[PDB]
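Enquirer: Structure: input-v7.cif, mmCIF, C-alpha atoms.
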```cif
data_entry
loop_
_atom_site.group_PDB
_atom_site.id
_atom_site.type_symbol
_atom_site.label_atom_id
_atom_site.label_comp_id
_atom_site.auth_asym_id
_atom_site.auth_seq_id
_atom_site.Cartn_x
_atom_site.Cartn_y
_atom_site.Cartn_z
ATOM 1 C CA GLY A 1 -53.322 248.925 68.641
ATOM 2 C CA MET A 2 -53.757 245.885 70.881
ATOM 3 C CA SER A 3 -51.172 246.863 73.519
ATOM 4 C CA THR A 4 -52.679 247.153 77.003
ATOM 5 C CA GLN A 5 -50.119 249.784 78.046
ATOM 6 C CA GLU A 6 -50.656 251.845 74.886
ATOM 7 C CA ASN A 7 -54.403 251.776 75.374
ATOM 8 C CA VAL A 8 -54.009 252.846 78.997
ATOM 9 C CA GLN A 9 -51.909 255.784 77.763
ATOM 10 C CA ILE A 10 -54.615 256.753 75.232
ATOM 11 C CA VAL A 11 -57.073 256.858 78.124
ATOM 12 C CA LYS A 12 -54.630 258.994 80.158
ATOM 13 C CA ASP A 13 -54.210 261.317 77.136
ATOM 14 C CA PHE A 14 -58.005 261.616 76.825
ATOM 15 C CA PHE A 15 -58.301 262.605 80.555
ATOM 16 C CA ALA A 16 -55.330 264.957 80.311
ATOM 17 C CA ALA A 17 -56.708 266.728 77.213
ATOM 18 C CA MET A 18 -59.968 267.299 79.150
ATOM 19 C CA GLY A 19 -57.882 268.571 82.104
ATOM 20 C CA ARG A 20 -56.085 271.050 79.806
ATOM 21 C CA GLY A 21 -59.395 271.972 78.142
ATOM 22 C CA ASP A 22 -57.628 270.987 74.930
ATOM 23 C CA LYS A 23 -60.757 270.560 72.789
ATOM 24 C CA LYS A 24 -58.855 269.539 69.651
ATOM 25 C CA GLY A 25 -56.523 267.115 71.453
ATOM 26 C CA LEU A 26 -59.477 265.506 73.216
ATOM 27 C CA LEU A 27 -61.294 264.944 69.915
ATOM 28 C CA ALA A 28 -58.088 263.618 68.320
ATOM 29 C CA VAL A 29 -58.250 260.585 70.640
ATOM 30 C CA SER A 30 -62.060 260.161 70.574
ATOM 31 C CA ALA A 31 -64.117 258.166 68.095
ATOM 32 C CA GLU A 32 -66.523 260.284 66.037
ATOM 33 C CA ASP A 33 -69.268 258.054 67.510
ATOM 34 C CA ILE A 34 -67.864 257.945 71.047
ATOM 35 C CA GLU A 35 -70.591 256.864 73.482
ATOM 36 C CA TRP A 36 -70.348 257.991 77.123
ATOM 37 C CA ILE A 37 -73.050 256.607 79.486
ATOM 38 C CA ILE A 38 -73.559 258.256 82.832
ATOM 39 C CA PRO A 39 -76.170 256.706 85.118
ATOM 40 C CA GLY A 40 -78.434 258.211 87.771
ATOM 41 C CA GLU A 41 -80.478 261.367 88.142
ATOM 42 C CA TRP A 42 -78.180 264.361 88.214
ATOM 43 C CA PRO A 43 -77.357 267.006 85.641
ATOM 44 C CA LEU A 44 -74.626 264.988 83.812
ATOM 45 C CA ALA A 45 -76.687 261.787 83.651
ATOM 46 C CA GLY A 46 -77.480 260.440 80.226
ATOM 47 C CA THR A 47 -76.071 258.892 77.085
ATOM 48 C CA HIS A 48 -73.737 261.282 75.327
ATOM 49 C CA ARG A 49 -72.836 260.302 71.752
ATOM 50 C CA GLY A 50 -70.407 261.955 69.336
ATOM 51 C CA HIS A 51 -67.947 264.803 69.312
ATOM 52 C CA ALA A 52 -70.512 267.579 69.814
ATOM 53 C CA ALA A 53 -71.886 265.688 72.825
ATOM 54 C CA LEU A 54 -68.409 265.133 74.288
ATOM 55 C CA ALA A 55 -67.513 268.816 74.032
ATOM 56 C CA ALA A 56 -70.847 269.788 75.562
ATOM 57 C CA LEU A 57 -70.442 267.336 78.479
ATOM 58 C CA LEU A 58 -66.916 268.717 79.220
ATOM 59 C CA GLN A 59 -68.226 272.248 79.397
ATOM 60 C CA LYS A 60 -71.301 271.289 81.489
ATOM 61 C CA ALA A 61 -69.239 269.364 84.036
ATOM 62 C CA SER A 62 -66.693 272.218 84.359
ATOM 63 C CA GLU A 63 -69.474 274.662 85.059
ATOM 64 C CA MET A 64 -71.615 272.550 87.313
ATOM 65 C CA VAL A 65 -69.098 270.994 89.746
ATOM 66 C CA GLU A 66 -65.743 271.392 91.379
ATOM 67 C CA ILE A 67 -64.048 267.974 91.551
ATOM 68 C CA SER A 68 -60.892 266.721 93.261
ATOM 69 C CA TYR A 69 -59.146 263.342 93.243
ATOM 70 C CA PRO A 70 -57.219 262.808 96.536
ATOM 71 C CA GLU A 71 -55.198 259.935 95.029
ATOM 72 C CA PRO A 72 -54.337 259.004 91.467
ATOM 73 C CA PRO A 73 -56.704 256.529 89.848
ATOM 74 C CA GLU A 74 -55.995 252.841 89.374
ATOM 75 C CA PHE A 75 -55.942 251.201 85.934
ATOM 76 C CA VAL A 76 -57.001 247.606 85.418
ATOM 77 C CA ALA A 77 -56.667 246.864 81.741
ATOM 78 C CA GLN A 78 -56.523 244.078 79.199
ATOM 79 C CA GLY A 79 -55.928 244.932 75.529
ATOM 80 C CA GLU A 80 -58.519 247.444 74.323
ATOM 81 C CA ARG A 81 -60.463 247.321 77.554
ATOM 82 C CA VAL A 82 -59.367 249.884 80.173
ATOM 83 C CA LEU A 83 -61.085 250.101 83.566
ATOM 84 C CA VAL A 84 -60.284 253.144 85.651
ATOM 85 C CA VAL A 85 -60.969 252.902 89.441
ATOM 86 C CA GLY A 86 -60.926 256.010 91.572
ATOM 87 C CA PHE A 87 -62.450 258.287 94.145
ATOM 88 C CA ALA A 88 -63.625 261.900 93.916
ATOM 89 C CA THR A 89 -64.756 264.628 96.270
ATOM 90 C CA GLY A 90 -66.750 267.460 94.757
ATOM 91 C CA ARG A 91 -68.885 270.511 95.369
ATOM 92 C CA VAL A 92 -71.964 271.188 93.273
ATOM 93 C CA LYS A 93 -71.684 274.861 92.462
ATOM 94 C CA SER A 94 -75.475 275.440 92.142
ATOM 95 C CA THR A 95 -76.350 273.787 95.492
ATOM 96 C CA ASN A 96 -72.935 274.381 97.264
ATOM 97 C CA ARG A 97 -73.440 270.821 98.553
ATOM 98 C CA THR A 98 -70.488 268.526 98.668
ATOM 99 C CA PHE A 99 -70.355 264.862 97.702
ATOM 100 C CA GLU A 100 -68.007 261.881 97.628
ATOM 101 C CA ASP A 101 -67.930 259.104 95.043
ATOM 102 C CA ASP A 102 -66.142 255.807 94.575
ATOM 103 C CA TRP A 103 -66.270 255.174 90.858
ATOM 104 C CA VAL A 104 -65.249 252.964 87.970
ATOM 105 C CA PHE A 105 -65.059 254.103 84.352
ATOM 106 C CA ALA A 106 -65.118 251.149 81.974
ATOM 107 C CA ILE A 107 -63.600 252.220 78.636
ATOM 108 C CA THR A 108 -63.223 250.547 75.275
ATOM 109 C CA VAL A 109 -60.570 251.804 72.884
ATOM 110 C CA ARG A 110 -60.837 250.810 69.213
ATOM 111 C CA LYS A 111 -58.202 251.626 66.620
ATOM 112 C CA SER A 112 -56.493 253.868 69.121
ATOM 113 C CA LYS A 113 -59.578 256.021 69.826
ATOM 114 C CA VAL A 114 -61.749 256.110 72.897
ATOM 115 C CA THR A 115 -65.016 254.580 71.693
ATOM 116 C CA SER A 116 -67.203 253.530 74.663
ATOM 117 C CA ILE A 117 -67.341 254.789 78.259
ATOM 118 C CA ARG A 118 -69.706 253.636 80.995
ATOM 119 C CA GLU A 119 -69.520 255.091 84.473
ATOM 120 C CA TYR A 120 -70.361 253.124 87.619
ATOM 121 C CA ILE A 121 -70.891 255.640 90.384
ATOM 122 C CA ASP A 122 -72.690 256.365 93.626
ATOM 123 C CA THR A 123 -75.844 257.602 91.926
ATOM 124 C CA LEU A 124 -77.628 258.082 95.279
ATOM 125 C CA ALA A 125 -74.869 260.327 96.587
ATOM 126 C CA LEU A 126 -74.797 262.420 93.386
ATOM 127 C CA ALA A 127 -78.608 262.739 93.392
ATOM 128 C CA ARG A 128 -78.599 263.965 96.987
ATOM 129 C CA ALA A 129 -75.921 266.559 96.207
ATOM 130 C CA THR A 130 -77.866 267.941 93.280
ATOM 131 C CA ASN A 131 -81.406 267.544 94.728
ATOM 132 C CA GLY B 1 -47.025 241.140 84.307
ATOM 133 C CA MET B 2 -48.054 238.008 86.160
ATOM 134 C CA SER B 3 -50.519 235.589 84.583
ATOM 135 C CA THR B 4 -54.171 236.232 85.646
ATOM 136 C CA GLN B 5 -55.704 232.941 84.421
ATOM 137 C CA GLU B 6 -55.638 231.428 87.888
ATOM 138 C CA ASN B 7 -57.156 234.489 89.567
ATOM 139 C CA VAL B 8 -59.984 234.628 87.032
ATOM 140 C CA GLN B 9 -60.756 230.939 87.635
ATOM 141 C CA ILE B 10 -60.845 231.574 91.430
ATOM 142 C CA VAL B 11 -63.269 234.432 90.932
ATOM 143 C CA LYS B 12 -65.359 232.192 88.636
ATOM 144 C CA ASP B 13 -65.173 229.465 91.388
ATOM 145 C CA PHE B 14 -66.311 232.127 93.911
ATOM 146 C CA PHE B 15 -69.600 232.711 92.089
ATOM 147 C CA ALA B 16 -69.669 228.973 91.236
ATOM 148 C CA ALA B 17 -69.934 228.033 94.917
ATOM 149 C CA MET B 18 -72.290 230.991 95.305
ATOM 150 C CA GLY B 19 -75.001 229.938 92.826
ATOM 151 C CA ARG B 20 -74.574 226.234 93.629
ATOM 152 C CA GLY B 21 -74.844 227.290 97.297
ATOM 153 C CA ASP B 22 -71.642 225.400 98.038
ATOM 154 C CA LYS B 23 -71.081 226.958 101.477
ATOM 155 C CA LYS B 24 -67.857 225.068 102.219
ATOM 156 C CA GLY B 25 -66.677 225.628 98.621
ATOM 157 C CA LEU B 26 -67.476 229.373 98.538
ATOM 158 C CA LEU B 27 -65.533 229.896 101.768
ATOM 159 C CA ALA B 28 -62.847 227.576 100.381
ATOM 160 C CA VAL B 29 -62.013 230.354 97.889
ATOM 161 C CA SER B 30 -62.648 233.189 100.423
ATOM 162 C CA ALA B 31 -59.917 234.727 102.601
ATOM 163 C CA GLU B 32 -60.620 234.481 106.318
ATOM 164 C CA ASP B 33 -60.373 238.297 106.472
ATOM 165 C CA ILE B 34 -62.479 238.737 103.287
ATOM 166 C CA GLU B 35 -63.991 242.236 103.033
ATOM 167 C CA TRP B 36 -67.048 242.892 100.812
ATOM 168 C CA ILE B 37 -68.088 246.509 100.448
ATOM 169 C CA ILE B 38 -71.558 247.413 99.189
ATOM 170 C CA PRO B 39 -72.382 251.101 98.722
ATOM 171 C CA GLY B 40 -75.636 253.039 99.035
ATOM 172 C CA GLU B 41 -78.652 252.960 101.403
ATOM 173 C CA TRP B 42 -80.476 249.684 101.107
ATOM 174 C CA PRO B 43 -80.589 246.461 103.169
ATOM 175 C CA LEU B 44 -77.298 244.994 101.847
ATOM 176 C CA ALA B 45 -75.245 248.168 102.136
ATOM 177 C CA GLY B 46 -72.173 248.145 104.335
ATOM 178 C CA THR B 47 -68.870 246.376 104.730
ATOM 179 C CA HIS B 48 -69.249 242.658 105.399
ATOM 180 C CA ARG B 49 -66.108 241.186 106.999
ATOM 181 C CA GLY B 50 -65.193 237.536 107.491
ATOM 182 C CA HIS B 51 -66.826 234.216 106.722
ATOM 183 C CA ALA B 52 -69.796 234.529 109.076
ATOM 184 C CA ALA B 53 -70.664 237.959 107.644
ATOM 185 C CA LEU B 54 -70.289 236.524 104.105
ATOM 186 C CA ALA B 55 -72.759 233.765 104.950
ATOM 187 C CA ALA B 56 -75.178 236.233 106.555
ATOM 188 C CA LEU B 57 -74.990 238.530 103.497
ATOM 189 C CA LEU B 58 -75.795 235.680 101.099
ATOM 190 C CA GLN B 59 -78.708 234.589 103.354
ATOM 191 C CA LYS B 60 -80.067 238.109 103.669
ATOM 192 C CA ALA B 61 -79.795 238.693 99.882
ATOM 193 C CA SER B 62 -81.786 235.454 99.223
ATOM 194 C CA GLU B 63 -84.457 236.716 101.620
ATOM 195 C CA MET B 64 -84.911 240.190 100.226
ATOM 196 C CA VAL B 65 -84.205 240.230 96.492
ATOM 197 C CA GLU B 66 -84.754 238.158 93.365
ATOM 198 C CA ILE B 67 -81.858 238.727 90.990
ATOM 199 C CA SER B 68 -81.263 237.574 87.409
ATOM 200 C CA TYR B 69 -78.223 237.962 85.179
ATOM 201 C CA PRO B 70 -79.459 237.778 81.553
ATOM 202 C CA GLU B 71 -75.937 237.476 80.057
ATOM 203 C CA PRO B 72 -72.601 236.265 81.346
ATOM 204 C CA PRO B 73 -70.299 238.839 82.918
ATOM 205 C CA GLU B 74 -67.023 240.157 81.565
ATOM 206 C CA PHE B 75 -63.767 239.597 83.411
ATOM 207 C CA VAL B 76 -60.993 242.174 83.155
ATOM 208 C CA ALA B 77 -57.884 241.004 85.020
ATOM 209 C CA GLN B 78 -54.466 242.552 85.671
ATOM 210 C CA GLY B 79 -52.039 241.845 88.481
ATOM 211 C CA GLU B 80 -53.913 240.758 91.601
ATOM 212 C CA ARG B 81 -57.127 242.406 90.391
ATOM 213 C CA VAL B 82 -60.189 240.966 88.652
ATOM 214 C CA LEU B 83 -62.942 243.404 87.768
ATOM 215 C CA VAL B 84 -66.222 241.722 86.900
ATOM 216 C CA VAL B 85 -68.526 243.791 84.664
ATOM 217 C CA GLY B 86 -72.169 242.815 84.394
ATOM 218 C CA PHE B 87 -75.853 243.592 84.319
ATOM 219 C CA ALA B 88 -78.724 242.382 86.488
ATOM 220 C CA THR B 89 -82.452 242.635 86.606
ATOM 221 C CA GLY B 90 -84.275 242.163 89.883
ATOM 222 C CA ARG B 91 -87.256 242.480 92.142
ATOM 223 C CA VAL B 92 -87.356 243.488 95.786
ATOM 224 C CA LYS B 93 -89.516 241.019 97.673
ATOM 225 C CA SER B 94 -90.872 243.376 100.396
ATOM 226 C CA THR B 95 -91.831 246.234 98.110
ATOM 227 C CA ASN B 96 -92.436 244.233 94.856
ATOM 228 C CA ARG B 97 -90.456 246.970 93.033
ATOM 229 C CA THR B 98 -88.329 246.029 90.036
ATOM 230 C CA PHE B 99 -84.900 247.337 88.942
ATOM 231 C CA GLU B 100 -82.087 246.919 86.498
ATOM 232 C CA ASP B 101 -78.433 247.448 87.554
ATOM 233 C CA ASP B 102 -75.245 247.885 85.528
ATOM 234 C CA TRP B 103 -72.541 246.861 87.958
ATOM 235 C CA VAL B 104 -68.840 246.283 88.532
ATOM 236 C CA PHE B 105 -67.364 244.033 91.226
ATOM 237 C CA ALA B 106 -63.725 245.008 91.814
ATOM 238 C CA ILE B 107 -61.981 242.022 93.314
ATOM 239 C CA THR B 108 -58.497 241.461 94.757
ATOM 240 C CA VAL B 109 -57.178 237.894 94.872
ATOM 241 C CA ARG B 110 -54.173 236.951 97.018
ATOM 242 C CA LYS B 111 -52.812 233.502 97.922
ATOM 243 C CA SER B 112 -55.498 231.971 95.683
ATOM 244 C CA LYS B 113 -58.301 233.444 97.819
ATOM 245 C CA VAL B 114 -60.703 236.313 97.220
ATOM 246 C CA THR B 115 -59.615 238.951 99.748
ATOM 247 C CA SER B 116 -61.464 242.199 98.890
ATOM 248 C CA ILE B 117 -64.592 242.968 96.930
ATOM 249 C CA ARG B 118 -66.057 246.398 96.294
ATOM 250 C CA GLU B 119 -69.300 246.806 94.335
ATOM 251 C CA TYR B 120 -70.088 249.743 92.066
ATOM 252 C CA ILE B 121 -73.853 249.764 91.484
ATOM 253 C CA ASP B 122 -76.853 252.028 90.792
ATOM 254 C CA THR B 123 -77.300 253.047 94.421
ATOM 255 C CA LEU B 124 -80.160 255.489 93.626
ATOM 256 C CA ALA B 125 -82.113 252.716 91.888
ATOM 257 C CA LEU B 126 -81.590 250.239 94.728
ATOM 258 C CA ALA B 127 -82.524 252.825 97.391
ATOM 259 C CA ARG B 128 -85.745 253.595 95.498
ATOM 260 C CA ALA B 129 -86.595 249.915 94.939
ATOM 261 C CA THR B 130 -86.041 249.053 98.625
ATOM 262 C CA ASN B 131 -87.777 252.202 99.904
ATOM 263 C CA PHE B 132 -84.370 253.319 101.348
ATOM 264 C CA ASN B 133 -84.221 250.445 103.827
ATOM 265 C CA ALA B 134 -80.754 250.760 105.311
ATOM 266 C CA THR B 135 -81.669 247.705 107.509
#
```
Could the structure of this file be written out as structure tokens, please?

Expert:
Amino acid sequence: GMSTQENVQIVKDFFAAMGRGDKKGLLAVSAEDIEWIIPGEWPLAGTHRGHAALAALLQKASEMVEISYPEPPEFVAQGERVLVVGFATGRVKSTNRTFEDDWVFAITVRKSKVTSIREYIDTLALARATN
Amino acid sequence: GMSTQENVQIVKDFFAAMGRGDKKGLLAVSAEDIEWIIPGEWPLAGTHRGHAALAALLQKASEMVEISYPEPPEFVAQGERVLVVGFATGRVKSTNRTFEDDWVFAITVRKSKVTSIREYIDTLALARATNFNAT
């Protein structure tokens, strides 16, 4: 659908399914060829494409870091384009080092499924935290 | 919602005066208390506040980096916000090191003036390319 508010809600549902660890609900709102690009040099960095990749990224993130969001994220959206603006604090479990990150996730929804994600993050800060 | 057409044109005018080097024009669309936040550890990092700082930032950028935008950016606008999504290639003059950067500029427009800018950039890449020059 073309509705900005409906596409924002799809994005929220995507996030929430990941929060619940609802693997089936997450996939239900994700394109079979979903592409998620994470920049930098840290364990989650890379281009993750498809359902298998999405499930694997979810698990890897859960195991590698503890993350908190002090405030709810902001949505800036127009039609099928949904930009999420937020801030996280985290602790890398392997290093026990903490980090902070002001981020944007730029998302494209197509036919009501999350299709493209690119993260814009403090790659230097994440690299330092993970060595 | 409120129409964003005007805000997007102001943001386009902001870069318009930028690339033209229209000092008086660029500040003509810049709030007197304009805040521009640049993350990371490289010469342009920090929060640049006010018109003098804006001018100094643009001068310092011209002195230390060559930057190219191969394709036009995308504007995503809602409310008082305009997020500009783009891609740059560049070269750091002092080190001769090259980089590419996928970036977002998150902009707030109020009273027809750009009031806040925060960049989201590849801070690791820019630190490497500048040899971590926080100055």

Enquirer: Nearest to residue A:80 among B:58, B:38, B:45, B:76, with distances taken over all atoms listed in the file: which residue is it?

Expert: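 The closest residue to residue A:80 is B:76.
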
Enquirer: Exactly which residues make up the result of the PyMOL selection byres ((chain A) within 6 of (chain B)) on this file, given as a compact mmCIF listing (two decimals) with C-alpha atoms, in the coordinates of the input?

Expert:
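Ended up saving to result_25.txt:
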```txt
# COMPACT_ATOMS: atom_id res chain seq x y z
CA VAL A 76 -57.00 247.61 85.42
CA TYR A 120 -70.36 253.12 87.62
CA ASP A 122 -72.69 256.36 93.63
CA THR A 123 -75.84 257.60 91.93
CA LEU A 124 -77.63 258.08 95.28
```

Enquirer: Just want the 8 Å neighbourhood of stretch 9-23 of chain A, counted on only C-alpha atoms, with same-chain residues fewer than 6 positions away dropped. Output as a list in words.

Expert: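 The residues satisfying every condition are residues 29, 30, 55, 58, 82, 112, 113 and 114 of chain A.
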
Enquirer: What is the distance between atom CA of residue B:97 and atom CA of residue B:66, in Å to one decimal?

Expert: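 Taking atom CA of residue B:97 as the start and atom CA of residue B:66 as the end point, the length is 10.5 Å.
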
Enquirer: Go through A:84, A:56, A:127, A:45 and flag the residue nearest residue A:102, using all atoms listed in the file for the distances.

Expert: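 Among the listed residues, the smallest separation from residue A:102 belongs to A:84.
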
Enquirer: Can you spell out as JSON, numbers by chain the set of residues that the PyMOL selection byres ((chain A and resi 69) around 7) selects in the structure I just provided?

Expert: {"A": [67, 68, 70, 71, 72, 87, 88, 89]}

Enquirer: Just so the selection is clear, what residues does the PyMOL selection byres ((chain B and resi 17-33) around 6) cover here, as a list in words?

Expert: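 On the file shown, the PyMOL selection byres ((chain B and resi 17-33) around 6) covers residues 14, 15, 16, 34, 50, 113, 114 and 115 of chain B.
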
Enquirer: Between atom CA of residue A:97 and atom CA of residue A:128, what is the distance, to one decimal in Å?

Expert: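 Atom CA of residue A:128 lies 8.7 Å from atom CA of residue A:97.
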
Enquirer: Which neighbours of residue B:116 fall inside 8 Å, counting only C-alpha atoms, when residues of the same chain fewer than 5 positions from it are skipped, and could you give them as JSON, numbers by chain?

Expert: {"B": [34, 35, 36, 106, 107, 108, 109]}

Enquirer: Go ahead and save the residues from that selection, with C-alpha atoms, as an mmCIF file, keeping the file's coordinate frame.

Expert:
```cif
data_model
loop_
_atom_site.group_PDB
_atom_site.id
_atom_site.type_symbol
_atom_site.label_atom_id
_atom_site.label_comp_id
_atom_site.auth_asym_id
_atom_site.auth_seq_id
_atom_site.Cartn_x
_atom_site.Cartn_y
_atom_site.Cartn_z
ATOM 1 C CA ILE B 34 -62.479 238.737 103.287
ATOM 2 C CA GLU B 35 -63.991 242.236 103.033
ATOM 3 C CA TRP B 36 -67.048 242.892 100.812
ATOM 4 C CA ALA B 106 -63.725 245.008 91.814
ATOM 5 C CA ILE B 107 -61.981 242.022 93.314
ATOM 6 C CA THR B 108 -58.497 241.461 94.757
ATOM 7 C CA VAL B 109 -57.178 237.894 94.872
#
```

Enquirer: If we count all atoms listed in the file, what is near residue A:57 at a cut-off of 9 Å, once residues fewer than 5 positions away on the same chain are taken out, given as a ChimeraX atom specification?

Expert: /A:44,48,52,62

Enquirer: Produce a file of the selected residues containing C-alpha atoms, as a compact mmCIF listing (two decimals), in the coordinates of the input.

Expert:
```txt
# COMPACT_ATOMS: atom_id res chain seq x y z
CA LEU A 44 -74.63 264.99 83.81
CA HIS A 48 -73.74 261.28 75.33
CA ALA A 52 -70.51 267.58 69.81
CA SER A 62 -66.69 272.22 84.36
```

Enquirer: What's the separation between atom CA of residue A:27 and atom CA of residue A:121, in Å to one decimal place?

Expert: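 Separating atom CA of residue A:27 from atom CA of residue A:121 is a distance of 24.4 Å.
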
Enquirer: Using only C-alpha atoms, which of A:129, A:53, A:65, A:2 sits nearest residue A:99?

Expert: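 Among the listed residues, the smallest separation from residue A:99 belongs to A:129.
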
Enquirer: Counting only C-alpha atoms, figure out which residue out of A:75, A:40, A:118, A:101 gets nearest to residue A:5.

Expert: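 Among A:75, A:40, A:118, A:101, it is A:75 that comes nearest to residue A:5.
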